[PDB]
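Everything on this sheet refers to the single structure shown next.
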Amino acid sequence: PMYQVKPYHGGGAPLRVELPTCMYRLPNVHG
Amino acid sequence: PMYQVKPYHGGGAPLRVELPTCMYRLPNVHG
Amino acid sequence: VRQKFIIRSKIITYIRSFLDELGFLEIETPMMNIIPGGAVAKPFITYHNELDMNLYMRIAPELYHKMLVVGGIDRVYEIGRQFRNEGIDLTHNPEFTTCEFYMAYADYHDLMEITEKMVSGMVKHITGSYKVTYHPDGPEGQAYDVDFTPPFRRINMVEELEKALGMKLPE
Ligand SMILES: C[C@H]1CCC[C@H](C[C@H]2Cc3cc(O)cc(O)c3C(=O)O2)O1
């Protein structure tokens, strides 16, 4: 096996991108 | 029974307000 | 005149429908307080016989609403009368009606989106379009079409003021 080289992304943790988001909703109490 | 008077909202259909919305998402094909 | 008050009623009914559908709880909080809060205003003072103390008419329900959010009721609103003991003019009456709502886990960005949706939606529903004619100086003055088509313009207070003044403000 070839000698180890750490990934350029750092090696800490898998890339975790910030994604778009949507304010959650609660149901109509009267419905 | 008292004589009929149509509701001030018109009487056509129940008030249906435009509500906030959130773009739907598709799943990662690689996931 | 009748038509104006029909419109007024439609506005309130629209708002209740909008907030109800988003899961808000319509609540009633005290209109008489030991300490008025939630706004900047001169209060009305009155005497309460049973408790033998003066009380103030509310200027805003704000602090009660936030305590209920603390209580775990995540979404609340109230359409009701407030009292401010100040001047009377074309846009000011000592008792007037407001709607306040409070929404857990939301920030101001969320409320701008909700505000745009509610107001534009309201205007289109009630009038048939996003554009409303208004006479700011009455029928003897010029009229303008007011365009409620979203999204609404945004400006930052200090930034825009500095631009309008042609100078920088102190922090
Ligand atoms: C709760 C607030 C939020 C901002 C708009 C509006 C301001 C409010 C101020 C205000 C103060 C006052 O002494 C008498 C009045 O008739 C009003 C009013 O109608 O508008 O309602």
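Methodologically, a virtual Cβ is constructed for each residue, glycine included, from the backbone with ideal geometry; neighbour enumeration extends over all protein chains shown. Rule-based calculations on the coordinates, nothing more; no lab input.
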Given the pairs C:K4/C:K163; B:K6/C:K4; C:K42/C:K66; C:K124/C:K163; C:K42/C:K168, which span a C-alpha to C-alpha distance of over 30 angstrom in this model?
C:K4/C:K163; C:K124/C:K163; C:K42/C:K168
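Filter chain C for me: DSSP H helices, axial length by Cα at least 27 angstrom, mean Kyte-Doolittle hydropathy not below -0.5. List them by residue number. Intermediate results must be reported in sequence, preceding the final value.
Values: long enough: C:2-21 (29 Å, -0.18); C:108-127 (28 Å, -0.08).
Once both thresholds are applied, what remains is C:2-21, C:108-127.
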How would chain C be classified by its alpha-carbon gyration tensor: rounded, prolate or oblate, with rounded meaning a/c under 1.5 and the a/b versus b/c comparison settling the rest?
rounded
Could you line up C:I114, C:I126 from fewest to most neighbouring Cβ atoms inside 10 Å?
C:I126, C:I114
Rounded, prolate or oblate for the stretch C:96-171? Axes are the square roots of the Cα gyration tensor eigenvalues, ordered a ≥ b ≥ c, and the cut-off for rounded is a/c under 1.5.
oblate
Taking the Cβ-Cβ separation of A:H30 and A:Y3 as r and a Förster radius of 45 Å, what is the calculated FRET efficiency to the nearest 0.05?
0.10
Antiparallel bridge percentage (DSSP; both residues within the protein assembly as shown; nearest 5)
90
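Given just the C-alpha atoms of the protein assembly as shown, how large is their convex hull per residue in cubic angstrom? Can you show the working numbers first?
Values: hull volume 78.4 nm³, N = 233.
Residue-normalised Cα hull volume stands at 336 Å³.
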What residue among B:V5, C:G71, B:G31 has its Cα farthest toward the positive end of the dipole of the protein assembly as shown, where the charges are +1 on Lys, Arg and -1 on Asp, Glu, each on the Cβ?
B:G31
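Tell me the mean residue ellipticity at 222 nm calculated for chain C from its helices only (DSSP H runs of n ≥ 4, each -39500 (n - 2.57), averaged over every residue, nearest 500). Don't skip to the answer; put the middle values down first.
Working: 4 runs with 58 residues, N = 171.
My calculation for chain C gives -11000 deg cm²/dmol from helical runs alone.
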